[PDB]
Protein chains: 2
Amino acid sequence: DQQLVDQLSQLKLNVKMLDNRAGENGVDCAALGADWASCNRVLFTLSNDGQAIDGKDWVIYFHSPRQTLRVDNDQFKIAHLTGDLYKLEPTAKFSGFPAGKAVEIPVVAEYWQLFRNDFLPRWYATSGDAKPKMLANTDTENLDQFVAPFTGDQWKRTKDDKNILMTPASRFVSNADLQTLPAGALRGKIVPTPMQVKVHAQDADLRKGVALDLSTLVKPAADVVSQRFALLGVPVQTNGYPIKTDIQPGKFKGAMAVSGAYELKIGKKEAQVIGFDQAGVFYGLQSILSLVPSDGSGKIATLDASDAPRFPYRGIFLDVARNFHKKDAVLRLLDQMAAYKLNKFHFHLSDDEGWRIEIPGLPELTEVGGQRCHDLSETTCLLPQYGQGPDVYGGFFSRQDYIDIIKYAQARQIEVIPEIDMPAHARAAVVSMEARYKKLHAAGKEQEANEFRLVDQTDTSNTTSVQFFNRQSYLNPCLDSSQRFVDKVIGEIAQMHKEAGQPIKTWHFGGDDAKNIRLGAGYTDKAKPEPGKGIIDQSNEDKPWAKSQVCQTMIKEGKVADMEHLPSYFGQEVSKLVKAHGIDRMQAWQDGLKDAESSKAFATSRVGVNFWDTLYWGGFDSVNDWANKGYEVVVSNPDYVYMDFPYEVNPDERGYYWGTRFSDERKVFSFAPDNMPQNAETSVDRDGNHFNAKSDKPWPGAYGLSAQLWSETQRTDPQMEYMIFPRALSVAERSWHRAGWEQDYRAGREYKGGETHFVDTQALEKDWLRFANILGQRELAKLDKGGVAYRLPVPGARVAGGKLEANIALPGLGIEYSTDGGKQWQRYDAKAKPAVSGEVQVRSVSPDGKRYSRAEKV
Amino acid sequence: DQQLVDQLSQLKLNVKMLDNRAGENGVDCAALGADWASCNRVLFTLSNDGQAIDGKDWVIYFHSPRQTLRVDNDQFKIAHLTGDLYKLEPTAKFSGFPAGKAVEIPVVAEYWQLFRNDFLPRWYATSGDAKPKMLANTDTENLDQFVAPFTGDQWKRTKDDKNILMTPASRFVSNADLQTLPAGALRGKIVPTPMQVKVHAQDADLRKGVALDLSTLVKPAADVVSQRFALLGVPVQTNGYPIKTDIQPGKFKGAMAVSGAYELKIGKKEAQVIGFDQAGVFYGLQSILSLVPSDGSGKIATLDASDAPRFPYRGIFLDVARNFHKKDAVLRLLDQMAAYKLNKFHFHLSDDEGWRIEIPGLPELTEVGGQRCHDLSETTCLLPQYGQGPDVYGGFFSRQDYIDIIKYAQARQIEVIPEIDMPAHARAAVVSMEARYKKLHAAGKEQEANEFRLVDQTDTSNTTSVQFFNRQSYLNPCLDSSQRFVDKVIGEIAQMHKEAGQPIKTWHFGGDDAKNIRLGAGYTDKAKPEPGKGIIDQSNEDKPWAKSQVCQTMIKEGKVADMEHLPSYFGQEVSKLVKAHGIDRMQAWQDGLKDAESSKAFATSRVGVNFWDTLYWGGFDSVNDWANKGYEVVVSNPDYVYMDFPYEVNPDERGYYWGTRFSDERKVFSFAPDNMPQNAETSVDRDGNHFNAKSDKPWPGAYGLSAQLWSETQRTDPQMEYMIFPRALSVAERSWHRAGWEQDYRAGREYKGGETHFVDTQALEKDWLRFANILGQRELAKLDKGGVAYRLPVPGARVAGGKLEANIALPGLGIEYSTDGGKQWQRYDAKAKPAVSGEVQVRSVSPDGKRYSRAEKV
Ligand SMILES: CC(=O)N[C@@H]1[C@@H](O)[C@H](O[C@@H]2O[C@H](CO)[C@@H](O)[C@H](O)[C@H]2NC(C)=O)[C@@H](CO)O[C@H]1O
Ligand SMILES: CC(=O)N[C@@H]1[C@@H](O)[C@H](O[C@@H]2O[C@H](CO)[C@@H](O)[C@H](O)[C@H]2NC(C)=O)[C@@H](CO)O[C@H]1O
């Protein structure tokens, strides 16, 4: 009853890692079904400072990105509902949570949990009809309230892991090749780096303001330029320093003859920007603005520059489905996209755990799919996921919100590409359409109920998704109604785009992970188990839709070859719907189209692919085929440009880490997207080891680059902003500019990590040093002004001769230190280092002085 | 002597633009007499690869549409004879064209020359009685032989010109909102668009042939239908698919109750066409034929349609006076008129430079007026014009030819409207009648000599025509003999029409530009010159006929009010002659009638006007009056439907460009002729700027639409066909069908270019996309079959990721590309784009594979 739920809610949880390599130590992970026989032991402690809790009628729900495989306290048992949701219950031996006691519930989980962020907040209790309530100490974003600190080598994935744990002492080393450059060395350095520039000795003085000739721009775009001059402190006045603009495509030749190219002249008393188009004009103005200094001095260098994108497509992907992010945070994201010349906003509007766009005619998508709450019938919500609590969680963009966002992107030369992921990652839609079927069906409106249904009523398929949902994650690709559903959604979102003044140019089909993970190579069958693999029963495991009779007659009449091809078939069918709606480009996660013959198989004359294999796994050689078969390769490698991954190897950092252990500003910047093999000389793999890479195939070139912010653990908007900024500026640099150290692709060249020296690493490091200093001494101050909660790097620090030496990944940032356990903080000065003894803590501070990095002991 | 003329003939000419905005740069265009003080500098280079040419007894003649104002090599001087003819001579300082030298003769010309086609071929030399010979390298239609390529921004008219120069890179952008539609989306789409249609899923199969019931048509018209089925590949056989026809006016109601309306049913095994009249029947059959696919498949969609003209009058105007065009090209023009349902052929049979119809009783009109040759007495020819060479150039339709043409038009439901332009644009007639006067006078037959004379022997008027002729361009409107002349010509052409089975319904009086251009606002007087205008002597400038004593006593007895009214007076007098000949409709260029009170002033019960002001100059508001005064407005705006204007802004395109810089297929299609103000939201003005338009007056409606092919630079028949086709299909569409995006006229509505969004531009663009694809994938192949040398658009192209992307203004057309400087060409494939590096050239190819667009570098 409620009293029992109230008691449970007052238990205090403690989660503590016990062994991240249990399989290296005596646990038979394989016998427990663990993938590749890897499992970890963790201790859940429930402390009860109240009277005894002896009732038995209860369930405690909790979330985890890892499956629980065993429970080592025979008073309790754990089972899975679906996705990340698990329930903890009392067994027949349960004898209560004793008054004033701590109950220990050790468990084994699949894989490893190397970051404290793996442990999700908001555990909650239930009991017969009572209302659910969270375990209070878990209702927080501060992991310290319920997750113990990692100790020793708990961060290691395996005994041979060569990653380097970042602490002030090792971080100091990681940062020691850097230094702070004098203002005099950072004159006339536009970001992103322009193709050709010549800086002269004088400076244009803007502090009295500028007279902007913006007749080349449509009003909304001009206002964006005017309002940015003001944000950076430069008045706009008719008697100010002249900045002229003109559009003359012909002035441009060859590779410069493309959207966004411009010529820019900065003189002593006037400015000139000649663009290839409005985008070029806008971008030229952005370059002038990138020069505006953070000191308010309003002085910029005179210079002569010529510039154009190395790629058409310079994108940022944002997941709002896993955890919603508000309109104001999308807008702050676009404002920064425009300032650094990104032009593509890939909007992941749906996935298993949420549907975020209102669709006229399909209200259930948002009424049910837009919120998650504790309802086991999933008639009014999706089941809770991601540690947001049992009560309603969600939101969605209304038609007007969405239209506003597109208008807002258009003003900033940013194209919005909507993604409605299918045929997997579609649980929100499938469950919403099931609620719709039922409602309509209950009124006897059987044709209306079936109109947009995404399930085949005979489908008993047993399939497990990558995030542990079941068949409800997969929209059936063989139903006419599924096609009716996709056609209606495309038609509705297409109209919103038209109303917003930016008709859709690319429809993103999604298409990732449409497979049963239990059929994977790291799992084996109970009957004849092979070694080192998770032992499961594969007798009743099936590919997706195997048991859909509709998908059977589909394959019989010969429309499709086999169950295996359903996903590409569906990608081709959607391309027809996309084309039927007047859109001539489709894009997808490359694995959904991997069974098509080539791009010739699609109805749109252009098919792009977000290439997301990792390099160390053959991605530097498998990407070639994608281009060679006619697809436009948007490079999206998870080992470099997945912004949901950690900035550094430290158990207190936020981020998933399946494709690599970290990707900081420097690593992103050092990625060479158009000569993938070369990354073997400039980066290490997921376990910190050197790797080799070589391809012998033709490589015509990439079409673009895209950095992704998946949102599983980015539960809030500030957390989203921390993960995107400031490493997105690196993305922007690399998406716009081809550096000199980025070598031409050479078939047959074999780059061997720690062995070959083909890459001009000296040039790479000098380039990075300058970029890092531009961020520290000028751009981060602009981020402060845009209000985005970017991550401030923790300082590196060492004590020599009894004096603090500190450094930072983005030279120019202020560094503070404390000699009192963080009670009083003081400004560290390089040329007058302080004397310390005992425990010293260090932290960095934003340029406007309001925010601090986390604090760490030296 | 001949040797000198032979030497000159071997000089090689080079013409190269030096500055198209000389007045913006230091030249005092106003001081040189340039209109609105605008002038340009051009370099004429004469290279001599032979021995020295030192004789002085020579003249070199050349043509230009611009007047030469200054000569910057003091060895030479240039003067005007009349019209476009100029002579280049040696001055007293001439010292010969040195052996193996290039002589440079820089000159200043009035206005600007933005297209290489402005420079005319066929310069020629003369010397005492020797025979004239051309400068050989100029004897060609290939401008590259003597006209240098334009460079930089030489295409700009003024420093602020906002037109967009079309190159493969910018053209790619202009074309990027388009795409190719699958055959499945182009089923049952008749062109022009029918008023009401419903297409069903099956297709009628005609590949075995059709059984045509054509008893509703007079034989000549039925043969036209039969022969078109065969041209398109569909056999005609008694056992073929039935196509029935019937004529029942009553089945039609309201707006459908008009000539050319029809009901059409296309079923699985039979066809039905019910017309309001023979024209409707014929048109219904044309719609079935428009559906016949270019692949020979003979499959058309079943459908049910109802259709009628939005306007009675759907015309095509053709100038054969400036440059003649043969009977076979008129016939190919009519065949296409019929296929797209145009029913009016406005035939400009005369003008200053040629008279093209044999008139019994007036042989000189064709013996002298039908040819141009170098004869300074103009006793056997008119003076050479338009770069056709010094030797005889011309031709004319014999009475039988002309009768044939009318019979041919009648068979195709096309009405021939003859125009004999007057009182200006009549030099051919005036000079021919002067030769007649003289001949007859020499035999002493003084009454015969004066019978049809068009000059008053006392007339010393000094007037300059728009094309720079003098008083001989103006027929005297005050002479009884001029009226005898017009009466005889009407009587003779009227009889030819009767003999051909199509009695004249409209007589076109012409009436354009009857004024002295030196009295214009852009010129000023030497005594007190105002700024920015061409400074000339206006003391002895007079209106036309001011100095004709006959026109003085005419004005005295009070028959006419003043010199200024002579032109409308003449329009009224001709209307009486037209009516006296049994014709009850007169038509004219609206400016000749602008001084009549209203239509009440004419003798015919109907008076039409070809309205030819431009919109950006108040035409969207001045047209109202024309309708409001009783005139039938035939919309003919030069800013949209003058087919002598360029298809695109590119110095290598053919076309005059006074009213606008370009009018491509898309622009013509987008013109809204019955709500003129709306064009301000859908087009830009002559300098590429937005414009506004609004009227507050009553607008009852237009009577029809007409697209004009003036022929100054259409020297050959293939050039005529290039300029008319394929944009005439757009004209046809807009003349027949009122689109949904064509809004009702709203008094007081103010459309503001780039500011108001009243027009459903999305609907406009979708309509155009479909139309463009019908042309690319089906209709252009039919043009190939009719043998008309239509213009093939140059592809747009860009290189991304090192691969060619190409598009085209008429999707469906094949695109080729070369990576060897145009030596080897290969087929471009959208879904398997090619990899290129270096110079790439692109070109399009007709559907039958025999012809190519020009080639351009990417
Ligand atoms: C807990 C964990 O790390 N699971 C991995 C999945 O997150 C991962 O999925 C892909 O990566 C994103 C997160 O970085 C997911 O949000 C996204 O849905 C998914 N798809 C793409 C295109 O990235 C998979 C990939 O194999 O690995 C799991 O192990
Ligand atoms: C060289 C030039 O562009 N001159 C213009 C004349 O061509 C033009 O005349 C009118 O336009 C037609 C050509 O497009 C002429 O062939 C036709 O005789 C004449 N009349 C009509 C009814 O169009 C005049 C118009 O003002 O402008 C000159 O500037």
Side-chain angles (χ1 to χ4, degrees), chain A residues 35 64-67 84 110-115 118 317 319 321-323 348 351-353 419 421 424-425 465-468 473 510-513 515 517 520 522 588-592 610-614 617 636-638 642-645 655-660 708-714, chain B residues 35 64-67 84 110-115 118 317 319 321-323 348 351-353 419 421 424-425 465-468 473 510-513 515 517 520 522 588-592 610-614 617 636-638 642-645 655-660 708-714:
Chain A
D35 193 20
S64 175
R66 311 298 189 199
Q67 298 229 288
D84 80 352
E110 191 169 38
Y111 298 111
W112 39 83
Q113 304 185 77
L114 307 188
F115 295 75
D118 276 342
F317 159 112
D319 175 15
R322 269 52 181 279
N323 288 285
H348 191 87
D351 201 307
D352 294 297
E353 308 86 343
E419 174 184 2
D421 202 343
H425 286 283
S465 87
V466 164
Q467 284 76 17
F468 309 102
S473 180
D512 64 314
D513 298 315
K515 68 181 163 210
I517 70 182
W589 304 106
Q590 106 264 323
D591 59 318
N610 277 103
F611 187 77
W612 66 295
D613 285 334
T614 50
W617 276 323
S636 306
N637 301 59
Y642 265 37
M643 292 183 301
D644 45 316
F645 299 172
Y656 266 21
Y657 50 94
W658 66 261
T660 186
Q708 293 40 264
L709 179 74
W710 290 102
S711 203
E712 285 89 328
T713 54
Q714 283 57 257
Chain B
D35 193 20
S64 175
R66 311 298 189 199
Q67 298 229 288
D84 80 352
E110 191 169 38
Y111 298 111
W112 39 83
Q113 304 185 77
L114 307 188
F115 295 75
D118 276 342
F317 159 112
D319 175 15
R322 269 52 181 279
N323 288 285
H348 191 87
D351 201 307
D352 294 297
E353 308 86 343
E419 174 184 2
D421 202 343
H425 286 283
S465 87
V466 164
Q467 284 76 17
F468 309 102
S473 180
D512 64 314
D513 298 315
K515 68 181 163 210
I517 70 182
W589 304 106
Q590 106 264 323
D591 59 318
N610 277 103
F611 187 77
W612 66 295
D613 285 334
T614 50
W617 276 323
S636 306
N637 301 59
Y642 265 37
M643 292 183 301
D644 45 316
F645 299 172
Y656 266 21
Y657 50 94
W658 66 261
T660 186
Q708 293 40 264
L709 179 74
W710 290 102
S711 203
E712 285 89 328
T713 54
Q714 283 57 257

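Because only heavy atoms are used, hydrogens play no part in the values below, and waters and symmetry mates are left out as well, while side chains stay in. Chain letters run A, B, ... following the sequence lines, proteins first, then strands; residues in each count from 1. Remember, it's 1-based here, ligands and their atoms both numbered in the order they're listed.
Ring orientation note: the planes of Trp658(A) and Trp612(A) are nearly perpendicular, at an angle over 60° on the 30°/60° scale.
No donor-acceptor pair under 3.5 Å is formed between the side chain of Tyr642(A) and the backbone N or O of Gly659(A).
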Table of N or O contacts for ligand 1, cutoff 3.5 Å:
from: ligand 1; atom 1: 11 (O); to: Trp658(A); atom 2: NE1; distance (Å): 3.1
from: ligand 1; atom 1: 14 (O); to: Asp644(A); atom 2: OD2; distance (Å): 2.5
from: ligand 1; atom 1: 14 (O); to: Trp658(A); atom 2: NE1; distance (Å): 2.8
from: ligand 1; atom 1: 16 (O); to: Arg322(A); atom 2: NH1; distance (Å): 2.9
from: ligand 1; atom 1: 16 (O); to: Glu712(A); atom 2: OE1; distance (Å): 3.4
from: ligand 1; atom 1: 16 (O); to: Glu712(A); atom 2: OE2; distance (Å): 2.5
from: ligand 1; atom 1: 18 (O); to: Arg322(A); atom 2: NH2; distance (Å): 2.8
from: ligand 1; atom 1: 20 (N); to: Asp512(A); atom 2: OD2; distance (Å): 2.9
from: ligand 1; atom 1: 23 (O); to: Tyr642(A); atom 2: OH; distance (Å): 2.5

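Applying the salt bridge (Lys or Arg N to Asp or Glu O under 4.0 Å) test to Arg322(B) and every residue at least two apart in sequence or in another chain returns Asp319(B), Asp351(B), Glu353(B), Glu712(B). Partners of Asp421(A) by side-chain hydrogen bond (donor to acceptor under 3.5 Å, both in side chains), not counting sequence neighbours: none found. With sequence neighbours excluded, no residue satisfies salt bridge (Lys or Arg N to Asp or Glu O under 4.0 Å) with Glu419(B).
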Next on the checklist: Pair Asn637(A), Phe611(A) - check side-chain contact (heavy atoms from CB on, under 4.5 Å), show working.
Outcome noted: CA-CA 7 Å; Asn637(A) 301 59; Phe611(A) 187 77; 3.9 Å; yes
